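Just the one chain here, laid out as structure tokens, in the form deposited in one PDB entry.
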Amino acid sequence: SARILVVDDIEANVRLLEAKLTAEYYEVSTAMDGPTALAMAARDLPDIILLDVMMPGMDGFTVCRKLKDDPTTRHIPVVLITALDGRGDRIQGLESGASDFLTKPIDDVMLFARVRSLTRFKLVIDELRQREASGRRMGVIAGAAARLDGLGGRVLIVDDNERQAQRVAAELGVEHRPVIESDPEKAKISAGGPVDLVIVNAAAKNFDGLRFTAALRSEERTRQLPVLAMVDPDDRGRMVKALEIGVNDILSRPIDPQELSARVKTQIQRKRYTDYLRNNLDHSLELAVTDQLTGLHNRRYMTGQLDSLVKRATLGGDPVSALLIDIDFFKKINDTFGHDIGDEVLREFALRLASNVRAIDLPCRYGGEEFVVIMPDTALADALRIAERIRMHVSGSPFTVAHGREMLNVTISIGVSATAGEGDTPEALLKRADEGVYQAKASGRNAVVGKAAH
């Protein structure tokens, strides 16, 4: 399935790993020191590299760093092999560029869970690299907005262990936007909304987290959704089961902050690369989920996502907010200047909008001239403030119209609203936002107006 380069200074650890891997029909090469590994990686371009941190002369951290310095090998996932008490090693491993970790003595189930995961990721890395090897001509100048970190990202934690769920949220909260669900039926709804990753407790007390995963896998809206399962390290059949059922990778308890950070980045990056490929690239009807001109989301895609979000909010829990933006006198711009100038303005606006709103929000080409931002887990009072932030960035700087040679002042009107309890509807939320835009032009344009229920 893949070509693996194993690196360790002890010729015995290398043979044991080599034997285990080729018994599962991987193609394995070896290196007993750093310089050898770097030369072989550049020559062979392996799919992944298993790298021991402890080596005399040049250690694994140095090798890992050097693999990222070389533009030829940068793209190859590196797994570091650490000792039992490997906190220091994992922290240093992260800053030296490692993709994930494995602990000695090596657990076979972890070993293969890890290789399969990064192998799957390597497929999409290679595919994306092929695309980029075509442009030069317009390096997709026909598209913009395009986030490909593993960072930001809405992470749904499905766990009835309050204490642990809350710790996992706090760990992921610096680099991500976590959300907790303890009811599995409520989680099913959230999960069909804009979620980048699900983390499920496979050892929960009140629901079967594997039965929940299988459910995600049997419905269109959640079938491609990445899933990490938290598992008890003493229950081996259960770990095997989870991987057979389509869990992407597993996190042993107690949950290690550095392992957590790493597996999460992996899965979110895999998803984003995958999505980026699905889109871009050419055109189509009902298929289609982005706007060609701006590179924002469709209305089609947005209403799908907004359906789940509002449904979740009506069963208690956090509200959703909606912004309806209209560019002031936009039709008058299409007349007195060209439609080509009009495109330039639409693209520039889309860029500033998406820049100043979270990756987990949903900025959309709602219509020809109107834009919408759906914001999960956001109250009206916060959404007003966000709208003012967007309003300032567009009004605070002139747009570059005629292919570099002219400046153009632009302002927007924004209407704002948030969900409100058991009766509320997507239709009703956007109607309130629509009233808000209408009143913002009644006050004299270039303003923000909130509309609440009731």
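Only the largest set of C-alpha atoms that superpose within 1.5 Å between the two forms is called the rigid core. Only residues modelled in both forms are compared. Note that residue numbering begins at 1 and tracks the sequence as displayed.
Below: the form deposited in another entry, not depicted.
Handout entry: Core-aligned C-alpha movement of residue 323 between the shown form and the other one reaching 2 Å
Key = Yes; residue 323 is a residue whose C-alpha shifts (by 2 Å or more) between the shown form and the other one when the cores are overlaid.
Practice task
Spell out whether the Cα of residue 44 moves at least 2 Å between the shown form and the other one when the two forms are superposed on their rigid core.
Solution key: Superposed on the core, residue 44 moves its C-alpha less than 2 Å between the shown form and the other one.
Handout entry: Closer or farther: C-alpha pair residue 306/residue 151 in the other entry, relative to this form, given a change of 3 Å or more
Key = Farther apart in the other entry, by 3 Å or more.
Handout entry: Note on residue 124-residue 304 C-alpha separation in the other entry, which departs from the shown form by 3 angstroms or more
Key = Closer is correct, given that in the other entry the C-alpha spacing of residue 124 to residue 304 is reduced by at least 3 Å.
Practice task
Determine the segments between the shown form and the other one made of three or more consecutive residues whose Cα atoms all move at least 2 Å, using the rigid core for the superposition and only residues common to both forms.
Solution key: Shifted runs of three or more residues, which all move 2 Å or more: 135-139, 282-451.
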